[PDB]
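Chains as they are written, first to last, in PDB author numbering: chain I8, 9 to 85; chain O8, 9 to 53; chain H8, 1 to 175; chain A8, 2 to 112; chain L8, 2 to 60; chain 88, 1 to 141. Note that the Cβ used here is the ideal one computed from N, Cα and C, for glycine as well.
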RNA sequence: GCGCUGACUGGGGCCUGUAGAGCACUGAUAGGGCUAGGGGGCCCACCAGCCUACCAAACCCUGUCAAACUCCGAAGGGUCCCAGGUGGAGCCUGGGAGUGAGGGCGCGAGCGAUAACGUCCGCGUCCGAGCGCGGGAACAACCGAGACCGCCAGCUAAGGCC
RNA sequence: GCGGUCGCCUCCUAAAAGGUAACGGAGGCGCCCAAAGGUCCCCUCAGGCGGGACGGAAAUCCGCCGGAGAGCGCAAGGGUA
RNA sequence: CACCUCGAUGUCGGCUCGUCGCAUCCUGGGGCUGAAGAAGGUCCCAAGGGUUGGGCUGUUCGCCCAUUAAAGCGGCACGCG
RNA sequence: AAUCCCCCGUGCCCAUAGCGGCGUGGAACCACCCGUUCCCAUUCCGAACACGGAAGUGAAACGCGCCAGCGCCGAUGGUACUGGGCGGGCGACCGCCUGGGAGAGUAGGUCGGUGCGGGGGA
Ligand SMILES: [Mg+2]
Ligand SMILES: [Mg+2]
Ligand SMILES: [Mg+2]
Ligand SMILES: [Mg+2]
Ligand SMILES: [Mg+2]
Ligand SMILES: [Mg+2]
Ligand SMILES: [Mg+2]
Ligand SMILES: [Mg+2]
Ligand SMILES: [Mg+2]
Ligand SMILES: [Mg+2]
Ligand SMILES: [Mg+2]
Ligand SMILES: [Mg+2]
Ligand SMILES: [Mg+2]
Ligand SMILES: [Mg+2]
Ligand SMILES: [Mg+2]
Ligand SMILES: [Mg+2]
Ligand SMILES: [Mg+2]
Ligand SMILES: [Mg+2]
Ligand SMILES: [Mg+2]
Ligand SMILES: [Mg+2]
Ligand SMILES: [Mg+2]
Ligand SMILES: [Mg+2]
Ligand SMILES: [Mg+2]
Ligand SMILES: [Mg+2]
Ligand SMILES: [Mg+2]
Ligand SMILES: [Mg+2]
Ligand SMILES: [Mg+2]
Ligand SMILES: [Mg+2]
Ligand SMILES: [Mg+2]
Ligand SMILES: [Mg+2]
Ligand SMILES: [Mg+2]
Ligand SMILES: [Mg+2]
Ligand SMILES: [Mg+2]
Ligand SMILES: [Mg+2]
Ligand SMILES: [Mg+2]
Ligand SMILES: [Mg+2]
Ligand SMILES: [Mg+2]
Ligand SMILES: [Mg+2]
Ligand SMILES: [Mg+2]
Ligand SMILES: [Mg+2]
Ligand SMILES: [Mg+2]
Ligand SMILES: [Mg+2]
Ligand SMILES: [Mg+2]
Ligand SMILES: [Mg+2]
Ligand SMILES: [Mg+2]
Ligand SMILES: [Mg+2]
Ligand SMILES: [Mg+2]
Ligand SMILES: [Mg+2]
Ligand SMILES: [Mg+2]
Ligand SMILES: [Mg+2]
Ligand SMILES: [Mg+2]
Ligand SMILES: [Mg+2]
Ligand SMILES: [Mg+2]
Ligand SMILES: [Mg+2]
Ligand SMILES: [Mg+2]
Ligand SMILES: [Mg+2]
Ligand SMILES: [Mg+2]
Ligand SMILES: [Mg+2]
Ligand SMILES: [Mg+2]
Ligand SMILES: [Mg+2]
Ligand SMILES: [Mg+2]
Ligand SMILES: [Mg+2]
Ligand SMILES: [Mg+2]
Ligand SMILES: [Mg+2]
Ligand SMILES: [Mg+2]
């Protein structure tokens with residue numbers, strides 16, 4: 009017999025809205041494990057590091073080098 | 009050790025968690041009741 | 001001493017077809033130039049056997065010129081180990097790095113009967129001007145006894161130029 | 002030694018500010034002088050400036066400071082500006098910086 | 002100008018999205034010619050099926 | 001018998017034999033070499049059957065370089081087969097060898113002497129080979 | 001009931017860590033040099049102590065390997081926008097089901113022995129339900145091709161033309 | 001049948017969205033902390049080298065170099081000065 | 001492995017009756033021999049025919065007795081209820 | 001006002017701005033610096049943090065330059081791989097078409113650029 013045999017549930021992680029999608033206040037934007045997308049303008053980040061639109065708007069991505077990747081919501085939806 | 013916090017009178021309040029023998033003491037800390045507002049809140053039972 | 005081959009020009013004409021044609025694709029470049037060239041394969045082999053990035057190939061090619069090219073890469077395709085592309089580096093006078101072969105001249109030179117010859121490098125990398133190009137390098141070193149290791153400045157250093165360093169290294173020793 | 006306590010604590014106190022997204026009232030105190038800008042980030046642009054240098058004053062820098070404080074309100078409040086966030090940068094909020102701050106009232110408020 | 006696409010080989014046994022393509026060019030049966038505008042979208046589908054189809058440019 | 005000391009995981013997946021490639025391939029250490037014509041898992045007990053064929057031909061003389069190494073664990077099910085329960089039981093190790101790679105590669109021996117050794121050495125191998133010499137094409141580096 | 005929103009396609013953004021490759025990390029690892037530790041062979045037994053044709057840290061040259069390594073990283077794939085796309089398309093509400101034993105083949109993996117008409121997933125296809133037609137001697141699933149009926153008419157596909 | 005297994009977390013398998021199987025490869029959980037919690041204010045590692053009584057491979061001290069390989073209560077991953 | 005057969009494809013061994021294969025036990029023909037002769041060894045050709053009787057065990061097989069030119073090995077639903 | 005140059009802030013690009021070596025700056029800015037009464041301070045130490053200063057020095061720090069030993073960036077050609085279409089091999093696997101096309105490596109490149117506001121020069 010085998011002492012192996014487990015695995016855990018898929019956590020269905022990753023990005024839930026991409027650039028230039030129209031979001032709404034509260035929409036969550038990224039589901040993620042560490043801080044690998046840091047919150048930008050109008051983007052909150054919850055205790056599971058999870059990012060959500062603060063305002064209705066549209067989503068843009070920004071790659072700031074050693075500063076990291078950033079998700080902003082650009083208002084006036 | 010499951011934990012249950014009384015306060016003074018009217019006895020409704022809220023409950024808690026203590027997994028330790030510290031504090032072994034009367035275990036009392038400040039909190040908000042549903043009727044009056046923010047009283048002493050000791051621990052019973 | 002002097003290696004001439006050939007060259008030609010190309011723009012379109014898939015290298016698959018050329019290669020199928022007996023002609024070895026390649027490129028021609030230096031600081032001032034980049035150009036697509038091809039050569040005959042059989043022609044190139046006979047020269048490159050000899051030349052081999054140690055020596056200057058003067059190309060030629062139509063609109064006939066003569067370009068002082070060093071060959072700086074050969075890509076062989078691994079399956080058949082036959083070269084599938086060459087790129088020729090054209091000289092003009094600025095100090096430039098390259099590989100100069102070594103000649104070990106002498107007897108065992110110390111601890112004879114018997115030592116260990118033990119050549120570490122068959123070549124060396126040296127910053128050298130196009131004008132004076134040292135086609136080989138004399139290594140005598142009468143000893144070379146047990147426990148001695150030749151580094152860099154213990155080498156001839158032909159009147160042309162200096163090294164590509166680092167001066168601390170090993171070339172031959174006897175253990 | 003990479004990236005000193007100075008430049009950490011500096012970032013640490015700055016980054017928090019730049020989050021709330023107000024106008025930033027930045028404060029540079031030197032050994033002689035004390036200067037203050039009011040900056041709009043995302044336009045990357047200074048709006049209203051004040052200093053002991055440009056107002057050519059001296060005499061006891063904590064008192065000088067409060068003066069470049071009242072000086073900044075004045076100039077700034079004039080453009081519509083109210084509600085900023087007080088930088089304080091590497092400095093403990095104390096002394097000369099506390100004073101430019103606590104003289105930066107009557108406009109540019111909440112500190 | 003425009004395009005003459007004519008179905009020369011059955012889609013039977015080719016992926017569903019290629020089958021979807023011939024629908025977008027409204028080719029329902031073998032040998033059926035269709036003459037439709039040459040534009041980037043009409044071109045994509047015509048290329049996607051290029052192995053089942055025969056094309057010529059036409060006014 | 002070659003075999004890694006201190007492995008990180010015993011038992012790794014089989015994976016494919018595709019794509020003759022990836023280094024080795026140019027004869028860096030010696031005067032002559034054995035190059036792989038076809039892909040194979042080549043077994044530690046195969047490599048040492050090649051090594052010894054050659055040292056025997058040099059009468060303990062010469063220099064021999066190897067240059068493939070058996071780091072891939074080979075499992076087997078005991079006899080007693082039945083599919084399941086687990087995976088089980090590493091036998092040997094193999095090195096994966098795709099075409100154009102140089103294994104072995106002798107030096108410090110007369111040409112016809114080494115060429116006879118490499119030919120012997122080759123018969124101990126499951127795939128086809130090619131003997132090679134060394135080249136301008138094997139560059140400098 | 002809605003009614004242009006559909007599959008597929010064009011352009012544009014964003015997302016990703018595989019094929020390939022790489023060795024910067026985690027490990028593995030060939031040859032050499034230089035070197036702690038050491039087997040030691042031993043010079044003493046006080047610190048001493050010279051040599052390594054054995055181990056072997058680090059370090060440097062050369063040379064590789066990896067599902068649970070990655071300094072890199074394609075093609076593709078996903079999603080939103082704008083356009084084409086009128087289709088036995090799409091969306092919403094409801095009525096009726098049946099199905100929840102699948103199989104072969106291609107491709108990508110695992111298990112297996114780089115066995116099985118083997119087993120287990122993925123993406124595709126066909127048989128299933130097209131054991132109706134043509135090709136493959138014969139032959140569910142390979143090639144050709146989607147059979148409404150009729151004709152002692154024509155052109156072709158695959159495969160063929162003694 | 002016997003043996004193993006049965007819920008939860010981490011990684012790989014998994015084919016660069018998601019999801020994805022096998023009696024495929026490996027590991028972990030059934031707790032814990034009144035501070036290991038909130039906030040404000042400071043501070044920045046491991047490691048290497050040189051120095052320094054008892055101090056030894058590493059107790060504490062000083063110098064320099066060290067961008068994160070340390071730490072984050074516990075498995076792994078992601079994250080993080 | 002689980003593909004036809006569980007609304008039945010009777011299962012070992014023996015006996016009877018064979019037929020086929022040849023990777024040949026014998027007989028026939030060969031090469032090499034570390035083949036003097038005789039007698040062997042090994043390998044090649046060859047399937048026409050032959051290929052014993054007993055003790056023990058349900059045995060196949062094996063061991064043994066006595067012989068022999070030899071006491072062949074396989075297949076045919078481990079051939080044949 | 002503008003253009004320029006120098007300094008001080010403060011952003012942006014996020015190493016082509018970095019390490020190292022050399023050189024250079026004190027009028028002004030900035031630093032170190034002078035003190036520790038006072039505010040306020042260091043699990044001890046005004047080291048730091050803080051205040052009051054202004055004699056000195058640009059030694060340290062910083063700013064500006066120069067050098068390619070390192071670091072970092074890096075083509076073009078060519079391959080690998082591959083979306084779609086086809087072949088081949090008992091197989092492991094290979095090849096052709098059409099479109100896309102790395103990684104390493106070679107040539108090279110770089111000792112930053114730039115915005116807003118100050119102070120000073122012209
Ligand atoms: Mg999982
Ligand atoms: Mg078909
Ligand atoms: Mg699709
Ligand atoms: Mg190879
Ligand atoms: Mg062979
Ligand atoms: Mg429409
Ligand atoms: Mg659509
Ligand atoms: Mg599209
Ligand atoms: Mg790979
Ligand atoms: Mg490595
Ligand atoms: Mg990988
Ligand atoms: Mg790159
Ligand atoms: Mg897209
Ligand atoms: Mg539309
Ligand atoms: Mg339908
Ligand atoms: Mg319904
Ligand atoms: Mg089922
Ligand atoms: Mg199916
Ligand atoms: Mg299935
Ligand atoms: Mg195929
Ligand atoms: Mg099957
Ligand atoms: Mg199969
Ligand atoms: Mg299927
Ligand atoms: Mg059925
Ligand atoms: Mg059929
Ligand atoms: Mg169908
Ligand atoms: Mg039938
Ligand atoms: Mg037929
Ligand atoms: Mg029909
Ligand atoms: Mg035909
Ligand atoms: Mg049981
Ligand atoms: Mg996935
Ligand atoms: Mg996928
Ligand atoms: Mg467990
Ligand atoms: Mg330390
Ligand atoms: Mg020390
Ligand atoms: Mg860590
Ligand atoms: Mg069955
Ligand atoms: Mg089955
Ligand atoms: Mg039955
Ligand atoms: Mg029946
Ligand atoms: Mg019956
Ligand atoms: Mg015979
Ligand atoms: Mg005879
Ligand atoms: Mg005889
Ligand atoms: Mg005979
Ligand atoms: Mg016979
Ligand atoms: Mg009897
Ligand atoms: Mg009996
Ligand atoms: Mg028996
Ligand atoms: Mg008998
Ligand atoms: Mg018989
Ligand atoms: Mg049987
Ligand atoms: Mg029977
Ligand atoms: Mg009977
Ligand atoms: Mg001065
Ligand atoms: Mg002066
Ligand atoms: Mg005092
Ligand atoms: Mg203190
Ligand atoms: Mg200085
Ligand atoms: Mg590059
Ligand atoms: Mg390219
Ligand atoms: Mg392709
Ligand atoms: Mg490149
Ligand atoms: Mg600037």
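I'd like the span of the beta strand (DSSP E) that includes residue i, first residue to last.
i: residue 106 (chain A8); result: Run containing residue 106 (chain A8): none; DSSP gives neither H nor E here.
i: residue 51 (chain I8); result: 51 to 54
i: residue 71 (chain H8); result: 69 to 77
i: residue 10 (chain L8); result: Counting along the chain, residue 10 (chain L8) falls outside any beta strand (DSSP E), and DSSP gives it neither H nor E.
Could you name the residues of the same chain whose beta carbon sits closer than 6 Å to that of residue i, not counting the 5 residues immediately before and after it, in chain order?
i: residue 66 (chain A8); result: 35, 97, 100 and 101
i: residue 108 (chain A8); result: 74 and 78
Does the beta carbon of residue i come closer than 7 Å to any beta carbon on chain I8?
i: residue 85 (chain 88); result: yes
So is residue i in contact with chain 88 if we call contact Cβ pairs under 7 Å?
i: residue 89 (chain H8); result: no
i: residue 52 (chain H8); result: yes
i: residue 16 (chain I8); result: no
i: residue 43 (chain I8); result: no
i: residue 128 (chain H8); result: no
i: residue 10 (chain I8); result: yes
Starting from residue i and walking both ways along the alpha helix (DSSP H), at which residues does that stretch end?
i: residue 1 (chain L8); result: Outside the shown range of chain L8 (2 to 60) lies residue 1 (chain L8), about which nothing can therefore be said.
i: residue 45 (chain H8); result: 41 to 50
Do residue j and residue i count as a contact pair if the criterion is CB distance below 7 Å?
i: residue 42 (chain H8); j: residue 26 (chain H8); result: no
i: residue 91 (chain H8); j: residue 83 (chain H8); result: no
i: residue 81 (chain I8); j: residue 38 (chain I8); result: no
i: residue 119 (chain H8); j: residue 164 (chain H8); result: no
i: residue 138 (chain 88); j: residue 78 (chain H8); result: no
i: residue 140 (chain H8); j: residue 106 (chain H8); result: yes
i: residue 129 (chain 88); j: residue 37 (chain 88); result: yes
i: residue 70 (chain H8); j: residue 59 (chain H8); result: no
i: residue 109 (chain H8); j: residue 143 (chain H8); result: yes
Which residues in the same chain have their Cβ closer than 8 Å to the Cβ of residue i, if we skip the five residues on either side of it in sequence?
i: residue 72 (chain 88); result: 12, 41, 93, 94, 95 and 96
i: residue 53 (chain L8); result: 8, 9, 10, 11, 12, 15, 19 and 23
i: residue 86 (chain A8); result: 18, 21, 23, 24, 25 and 26
Does the beta carbon of residue i come closer than 7 Å to any beta carbon on chain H8?
i: residue 126 (chain 88); result: no
i: residue 100 (chain 88); result: yes
i: residue 25 (chain 88); result: yes
Using C-beta distances below 7 Å, list every residue in its chain close to residue i, excluding the 5 sequence neighbours before and after it, in chain order.
i: residue 69 (chain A8); result: 35, 37, 51, 52, 53, 56 and 101
i: residue 81 (chain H8); result: none
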